[PDB]
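Included below are structure tokens for two forms of one protein chain, each presented in isolation as structure 1 and structure 2.
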Structure 1
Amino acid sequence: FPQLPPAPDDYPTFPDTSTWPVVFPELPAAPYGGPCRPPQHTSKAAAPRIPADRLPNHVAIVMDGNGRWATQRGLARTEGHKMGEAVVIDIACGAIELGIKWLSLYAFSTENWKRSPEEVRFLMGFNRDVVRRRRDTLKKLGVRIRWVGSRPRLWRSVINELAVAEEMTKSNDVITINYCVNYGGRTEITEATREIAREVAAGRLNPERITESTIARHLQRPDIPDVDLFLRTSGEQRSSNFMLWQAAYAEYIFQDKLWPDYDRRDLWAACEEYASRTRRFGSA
């Protein structure tokens, strides 16, 4: 089984949401060694034994309910998103422990521009900072992260920090994260159709030998496999333009828990649900 073994009782925990930004624990040194073990949850729960063959290769997660988490408390929408950064990194430490290879996170879509300039301006600058703050934590843990999304109208500063983050981690392989910012499904499929029309213009491609693979090879990030499990948080039941191509044959699981009330044990609950189930016909 691929799960790391339950952290020693005395290993640092995460998150300590008394401070903010939550402080990521100084972890023990390695012998060494290479990738550090991720701190254990504050509850010290341990990953569930699941064969590598019953696991989702690729968990896509639609974070949901930060704005609404704040609002039931008399707070500004945007403060909930701040309790979200800790849950992100938590779930990340959970997937590593669990033995998960690909994790997609829907930070911001091509449709979140509809919201107020006050919230759009907060999210843009909070993704920028988050990235810079976490690049070295994520790096050390075995994570390979990079920006997945569309370029039109996206704060340049977000594209930069993540290409810094891509350069540091383009050789890590404990797990891969696709940090989706200004991501739209149709927009990404649109981006590739001209990746294609462009080659056809360079007569470097036959328009009658075009396959689903041909399209899949011209998406922004072409090594992103199909999405096995589609977590969507806070009771909402929709994909919302997330991994449209990739998540076609995805199995859906909708948790009713607001994202900031979320933690890695929740990720493990769902994944178990997925693995323990009898794979039906045609079902991978």
Structure 2
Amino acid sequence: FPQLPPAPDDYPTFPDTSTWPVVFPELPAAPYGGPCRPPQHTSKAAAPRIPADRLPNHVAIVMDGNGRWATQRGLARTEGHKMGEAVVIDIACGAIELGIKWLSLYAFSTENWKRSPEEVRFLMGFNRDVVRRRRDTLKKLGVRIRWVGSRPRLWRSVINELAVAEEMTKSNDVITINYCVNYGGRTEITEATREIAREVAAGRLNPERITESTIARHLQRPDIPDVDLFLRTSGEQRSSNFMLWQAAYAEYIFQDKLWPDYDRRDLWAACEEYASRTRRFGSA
């Protein structure tokens, strides 16, 4: 509707935070078919009945509040980032249940190089490890995942683990996740402009025929549709250069809770809020 019908009471749940990393549970097959039904949330709550025409096609999430969450508990920054991993997969599962087809996640920004070298080194190694550790699960779920971001300075290991994940999941179609690492909206537009410039220098493009579509086709990932719902947690009301081209007409929802406390029910609440919003795209 296009939601998955409620899960059988006994269907496996997620996340069990009794251990870290959180062990993603074994799922029954349910053939003949392809993708496994994502695990139900711990609370066993069901996705709300949102009609196709009022559901966001593409949700972009700026995950925020990890450091504050850690500090509330006298913990190292790193421990809040670690708690955020389960939340990503939880939101993936909820996204699928609700029927969201595109999901962009701001895993690491071009501005995040301004953090301490210790934290940046953790975040790089952490993203590398998360993709390696979760990509098999994501594939089973019918998730198509791939890297979106800028090449310079990004660890080759992180690009390489995502390329592997991209190849493994290239024919999946339940949901697409743009895993944005070393991503910058201005930077992505700039890279598109560089490509365009090269074609002009090569005599292959008339400057006068450059249109908005020219820019869109030359973005790293030209198939990414416009952002309908732009979410950011921790109550910070800033887009921070995320999905800059794509989100020009996005609806913003700013939720107060810190990312490690976030779960799929909060995503669902944001989508209900989106459902009530009226979008005009400049029309009367």
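Between two forms, the rigid core is defined as the largest C-alpha subset superposing within 1.5 Å. Residue indices: 1-based, along structure 1.
Annotation: Cα of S276 displaced by at least 2 Å between structures 1 and 2, core superposition. Fit the two forms on the rigid core and the C-alpha of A30 turns out 2.3 Å off between structures 1 and 2. Its Cα shifted by 0.1 Å between structures 1 and 2, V130 is reported here after superposition on the rigid core.
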